[PDB]
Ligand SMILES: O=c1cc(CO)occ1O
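Heads up, the chain below is alone and in the form deposited without the ligand; it's given as structure tokens.
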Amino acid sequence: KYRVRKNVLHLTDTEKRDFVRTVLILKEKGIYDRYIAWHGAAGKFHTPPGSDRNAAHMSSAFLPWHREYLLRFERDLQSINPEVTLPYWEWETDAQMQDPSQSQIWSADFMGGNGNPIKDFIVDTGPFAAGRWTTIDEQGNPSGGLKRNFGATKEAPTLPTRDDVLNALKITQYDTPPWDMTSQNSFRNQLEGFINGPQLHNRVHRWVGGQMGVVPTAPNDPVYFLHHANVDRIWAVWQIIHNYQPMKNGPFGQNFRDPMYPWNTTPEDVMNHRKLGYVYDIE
């Protein structure tokens, strides 16, 4: 309950510089590539084999997998600097902005800015610009150069709104059969963004574009963690207002006590975010 996760827009300047410097350090030590690789690995673990579902996305484990993901990331951040906690990007408020690209998340001292149309939309500002930050492709091989392109696609021209978010928190069930993209009246599938998609979570990914635009390369962009921090917050909220489903008979890897590949951690291990030792501000 001690580690406090803060709204990016509530961060002081040196809180932002310290977060940024820690990420780069994780990157120089080779630790950051473990999270890109883990996330890609999970995308290849289909439950059961052949199914649309994988360990991290498109099924019930989406939320607790990403909670465990961000939890391990935060610990590695803390091992470099015990004062660093993972912020969240509250995109529901940034959507209200005239030009959400002008949000202070995108400043030169934090995430850097939008892509540059001449340089194929390569990011050329901030600490993660090309030459200052290398990316890896789907194969684990060097791909060179972070890209972003806010709202370029017909499908996600806008960030999801607080209206969009308030409608997901109403859903009464965590998840429903058959625990996938078609799951109806499903908090998880609603938050993930496949109901009349792309919405919420999936919409943020398409709006940002670049590596963020395609799931297997998305964690190349450090804003991946800030986005998913916000998703984890929405879920923790839902866990106050209103457990987990399936408790059994889902495909292996999605049940309450199944390990989530590529870890041994179960959903049950992370149901209560407070017991994991962190809290979001406003809590």
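Throughout, we count residues from 1 along the sequence that is shown.
The gap between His242 and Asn243 holds 1 to 3 unmodelled residues of the deposited sequence.
Looking at 211 to 219 and 36 to 44 together, the entry lists the larger mean B-factor for 211 to 219, computed on C-alpha atoms. For the two regions 157 to 165 and 80 to 88, the entry's Cα B-factors average higher over 157 to 165. Residue set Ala130, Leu200, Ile195, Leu71: peak C-alpha B-factor at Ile195 (per PDB entry). Between the residues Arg188, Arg148, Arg75, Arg206, it is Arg206 that shows the highest Cα B-factor in the PDB record.
Per-chain ranking of the deposited C-alpha B factor places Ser51 in the middle third. Ranked by C-alpha B-factor against the other modelled residues of its chain, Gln254 falls in the lowest third. In the deposited entry, the Cα temperature factor of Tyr280 places it in the middle third of its chain's modelled residues.
Looking at the C-alpha B-factors along this chain, the one for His57 belongs to the middle third.
In the PDB entry, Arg233 places in the middle third of its chain by CA B-factor.
Keep in mind that the form solved in complex with the ligand is missing from the display, and what follows is about it.
The binding site of this unliganded chain is open: after the ligand is superimposed from its pose in the deposited complex, not a single one of its atoms comes within 2.4 Å of the backbone or a C-beta atom.
Although the partner is absent from the chain shown here, none of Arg148, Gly151 and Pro157 has a heavy atom within 4.5 Å of the ligand in the deposited complex. Residues of just one listed stretch (171 to 179, 110 to 118, 192 to 200, 79 to 87) have heavy atoms within 4.5 Å of the ligand in the deposited complex: 192 to 200. The ligand is not drawn, but in the deposited complex it has a heavy atom within 4.5 Å of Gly213.
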